[PDB]
């Protein structure tokens, strides 16, 4: 049972995809778009917020039903009464299997009729805040985090026959806020989006894997900066970013849901370049937070990498390394483990110091001895750690979920991000594990 | 002893090198660069020409002297006066070891002192035209194409003691015209130019061999079209041609002269990569207009190229071909010579008509015979001949000097020019021959 907030975020991203497709199709000047801070109370202090993308979709069988709109409508209704009194007009952008395409109209009577859902969940979740009851016992029960069947029956009886007038102006939010529209079939719209994107030369899978995620990330980040003027986009900017470089694009986010057969893609085959070569120093950047297990796990992952991609000393001349922002001292737990399963490696930080020479110096290999001073080393992506881009430039850069990827030069780096759940998927991804 | 016109053309090439370097440095709206039709009396009938580059230098020992500017100044002086009085203001960019940098000032006295060179070469080549001699015998001797020492001494005496009065306005001929500027050491300036070109990512040698020729050829051909409006250049166009596509860019010629030991360099070894791989189908383009001993030389080039990179059946899987504009029918004249040494190579025209289906067939190499169905292919480029990029898109398109470049897709087809006078130089640069 996925959380309703996750569904809201997914629908918002889908509407972002629709807006991006509209931008691509128009190929001219487009209205101003700014992101909205509804996922959490960020309070960016920007009055220019109109999108308020919080759509949601439920099961549909035929035509339209009066009950197809659940609490989410009540969620946006409560969200209208913001603390700062800021324009947060929401919208709904979903289908009705067989229904006229248009707005639901702002008739007061229809919205009042819908408001009479008479459901305990809705009453106790969001409606209760909308209507401050005059029976303080109801408020006490709601704030007690403990309710019984008799309490639910009493509450529904009170709110059904003894309806109480809310404190918010009735005529304001019923007509001036909220809007409804018929959306697009995203499951079937993916093919149409791919077809429309395939208009220039491009390639077969590059657009499906590289260019479209780049465009989506650009659209998402267009309005994340503190400055409120960055939203300005004209025809010139759109045409410039449609075919400015569009060769590598320095991709930053990936992992769509096209072929996620218990495995990530795009950064699965493409890892072969820059890694089959024996003169590269690729680093890994990840975070234990996105991962489900890091106290004594990661070292054995290191195993399958410290005897296959540096073996055959006659060819290899560089050493792998692994970076992950764990903590200043938590990694000290591994500090006794690392020489346990017969691998010679170095933490590289050892305490509260960010050493520089060890992390970037090339070890000397001896062909005959079948051994080197260390096959690899582990590392940490702390705040003051920039040695992926400076020297021995981490010729296969990875990111998972979310990392402190700012304050970086980002120059001539084949940044190949891939958001995942745990390490096993990575071991599969670099073609080291047959399954999972 | 290179011709002075060749020196002027080379100096124009260096001046446009400097212009291209400045343009790359700025990346913004700049001056309107228009080429100059002064190499021959082409008579473009265009007046919006200001560059008019006719520089030339001599040996340099220390600082500068009055004798550091020879005849070229006189050629400039005569070229100010044409039959139509076209705006032909030339410019000089002479370099000196270390001296005051600036203009030579337009004072009449300095130019008049420079005029009194009193040298037979100057008197009999161009100066005589400036001053119509009042002695008709002098004109008869000059036009007789036969002169003796006594005649030269008499002319010098007449022009020295009996100095003639020219028919051109001296005040307007030495003051309102002529501009001088101190140049820089170009031999050491080319290294700085190459260093400055490698400002963006680019690559170690792509900028040296691919992007620099692209920019230079584009600058040269910007204003070669008959229309005078094409010279308009803006910041948007400059940035678009600076990073819009800039991957192959459909070049047409490479660097003229550098540190060559009787053979052009730099592009000699970079060409070996992308060739040893058994799936590389680089093409070539040649012209008998510039090449001299190309009547049946190419013949064994085929053979010689066809045992180096079309042998070793166990590995090689693709074959080269040579698309070269020789003639609609002279190709069949070549075709006699083609099949004599048991090398069956497709004509391309298959007579006189280039075809599309049977110029791109993939050969089937056979291990048990150490030979292939057809050991190579070729074709000849007329107006309607476009096949380099369509199938097996000639990753490394090759040209010499420069050939028709119209109606080209210019997609993932790296361009390289190998200026040559025969097939020995090309075979050297392609890493098949040993010397020359």
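Taken together, the values in this text are just the output of simple stated rules run on the coordinates, not laboratory data. Because the Cβ atoms are built from the backbone with ideal geometry, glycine has one as well, and the counts that use them run over all protein chains shown.
The table below gives the values:
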read-out	value
Top-ranked residue in the stretch B:389-430 [being in contact with a helix residue (DSSP H, G or I) (Cβ under 6 Å, 6 or more places away or on another chain) and assigned to a loop (DSSP other than H, G, I, E, B); ranked as farthest from residue B:294 (Cα to Cα)]	B:418
Matching residues in the stretch A:133-166 - criterion: being within 37 Å of the chain's Cα centre (by Cα) and surrounded by fewer than 13 Cβ atoms within 10 Å (Cβ to Cβ)	A:143, A:144, A:145, A:146
Neighbours by Cβ (under 9 Å, 6+ apart or cross-chain): first from the stretch A:246-257, within 14 Å of another protein chain (Cβ to nearest Cβ); second part of a loop (DSSP other than H, G, I, E, B)	A:246/A:200; A:246/A:202; A:247/B:245; A:247/B:247; A:248/A:414; A:250/A:410; A:250/A:413; A:250/A:414
Single unsatisfied condition, residue A:100 versus (1) out of contact with any strand residue (DSSP E or B) (no Cβ under 7 Å at 6 or more places or on another chain); (2) within 23 Å of residue A:192 (Cα to Cα); (3) surrounded by 14 or more Cβ atoms within 10 Å (Cβ to Cβ)	(3)
Residue check, residue A:283 crowded, with 18+ Cβ neighbours inside 10 Å and either within 14 Å of chain B (Cβ to nearest Cβ) or under 30 Å from residue B:246 (Cα atoms) (or both)	yes
Set B:34, B:16: member being under 25 Å from residue B:236 (Cα atoms) and either assigned to a loop (DSSP other than H, G, I, E, B) or over 19 Å from the mean Cα position of the chain (by Cα) (or both)	B:34
Of all residues in the stretch B:307-345 being buried (at least 20 other Cβ atoms within 10 Å of the Cβ) and either closer than 20 Å to residue B:396 by Cα or in contact (Cβ under 8 Å) with a residue 60 or more places away in the chain (or both), the one that is nearest to the chain's Cα centre (by Cα)	B:324
Single unsatisfied condition, residue A:200 versus (1) touching a helix residue (DSSP H, G or I) at 6+ places or on another chain (Cβ under 8 Å); (2) in contact (Cβ under 8 Å) with a residue 24 or more places away in the chain; (3) surrounded by 13 or more Cβ atoms within 10 Å (Cβ to Cβ); (4) within 14 Å of another protein chain (Cβ to nearest Cβ)	(3)
Matching entry among A:385, A:413, A:403 (being within 14 Å of chain B (Cβ to nearest Cβ), more than 23 Å from residue A:303 (Cβ to Cβ), surrounded by 15 or more Cβ atoms within 10 Å (Cβ to Cβ) and in contact with a strand residue (DSSP E or B) (Cβ under 9 Å, 6 or more places away or on another chain))	A:413
Answer from A:75, A:100 - the residue that is within 35 Å of the chain's Cα centre (by Cα) and not in a loop (DSSP other than H, G, I, E, B)	A:75
Options B:299, B:224; residue that is under 25 Å from residue B:380 (Cβ atoms), away from every other protein chain (no Cβ under 14 Å) and loosely packed, with under 13 Cβ neighbours inside 10 Å	B:224
The stretch A:47-66: number of residues that are surrounded by fewer than 17 Cβ atoms within 10 Å (Cβ to Cβ) and in contact (Cβ under 8 Å) with a residue 40 or more places away in the chain	3
Boolean, residue A:109 is free of Cβ contacts under 8 Å to residues at least 12 places away in the same chain, assigned to a loop (DSSP other than H, G, I, E, B) and surrounded by fewer than 17 Cβ atoms within 10 Å (Cβ to Cβ)	no
Residue list for the stretch B:115-128, filter: in contact with a helix residue (DSSP H, G or I) (Cβ under 7 Å, 6 or more places away or on another chain) and surrounded by 13 or more Cβ atoms within 10 Å (Cβ to Cβ)	B:120, B:122, B:123, B:124, B:126, B:127, B:128
Residue A:430 within 25 Å of the chain's Cα centre (by Cα) and either within 14 Å of another protein chain (Cβ to nearest Cβ) or more than 21 Å from residue A:348 (Cα to Cα) (or both)	yes
Test: residue in the stretch B:277-295 that is touching a strand residue (DSSP E or B) at 6+ places or on another chain (Cβ under 8 Å), in a helix (DSSP H, G or I) and closer than 20 Å to residue B:359 by Cα	no
Extreme residue, surrounded by the fewest Cβ atoms within 10 Å (Cβ to Cβ), among residues of the stretch A:227-245 that are within 14 Å of chain B (Cβ to nearest Cβ) and free of Cβ contacts under 8 Å to residues at least 60 places away in the same chain	A:236
Condition check for residue A:436: touching a helix residue (DSSP H, G or I) at 6+ places or on another chain (Cβ under 7 Å) and either away from every other protein chain (no Cβ under 14 Å) or part of a loop (DSSP other than H, G, I, E, B) (or both)	yes
Of all residues making up the stretch A:358-379, the number that are touching a helix residue (DSSP H, G or I) at 6+ places or on another chain (Cβ under 9 Å) and either surrounded by fewer than 19 Cβ atoms within 10 Å (Cβ to Cβ) or within 14 Å of another protein chain (Cβ to nearest Cβ) (or both)	1
Which numbered condition residue B:273 misses (of (1) within 14 Å of chain A (Cβ to nearest Cβ); (2) touching a helix residue (DSSP H, G or I) at 6+ places or on another chain (Cβ under 9 Å); (3) free of Cβ contacts under 8 Å to residues at least 40 places away in the same chain)	(2)
Some residue of the stretch B:10-20 being on the phi > 0 side of the Ramachandran plot and surrounded by fewer than 18 Cβ atoms within 10 Å (Cβ to Cβ)	no
Tally of residues being within 11 Å of residue B:380 (Cβ to Cβ) and touching a strand residue (DSSP E or B) at 6+ places or on another chain (Cβ under 6 Å) across the stretch B:322-341	2
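Residues checked against (1) closer than 25 Å to residue A:68 by Cβ; (2) in contact (Cβ under 8 Å) with a residue 24 or more places away in the chain; (3) touching a strand residue (DSSP E or B) at 6+ places or on another chain (Cβ under 7 Å):
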position	(1), (2), (3)
A:134	no, yes, no
A:146	no, no, no
A:166	yes, yes, no
A:171	no, yes, no
A:174	yes, yes, no
A:182	yes, yes, no
A:188	yes, no, no
A:191	no, no, no
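To keep it simple, each residue is scored yes or no on (1) away from chain B (no Cβ under 14 Å); (2) under 30 Å from residue A:99 (Cβ atoms); (3) in contact with a helix residue (DSSP H, G or I) (Cβ under 9 Å, 6 or more places away or on another chain).
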residue: A:146; (1), (2), (3): yes, no, no
residue: A:151; (1), (2), (3): yes, no, yes
residue: A:157; (1), (2), (3): yes, no, no
residue: A:160; (1), (2), (3): yes, yes, no
residue: A:169; (1), (2), (3): yes, no, no
residue: A:183; (1), (2), (3): yes, yes, yes
residue: A:187; (1), (2), (3): yes, yes, no
residue: A:207; (1), (2), (3): yes, no, yes
residue: A:213; (1), (2), (3): yes, no, no
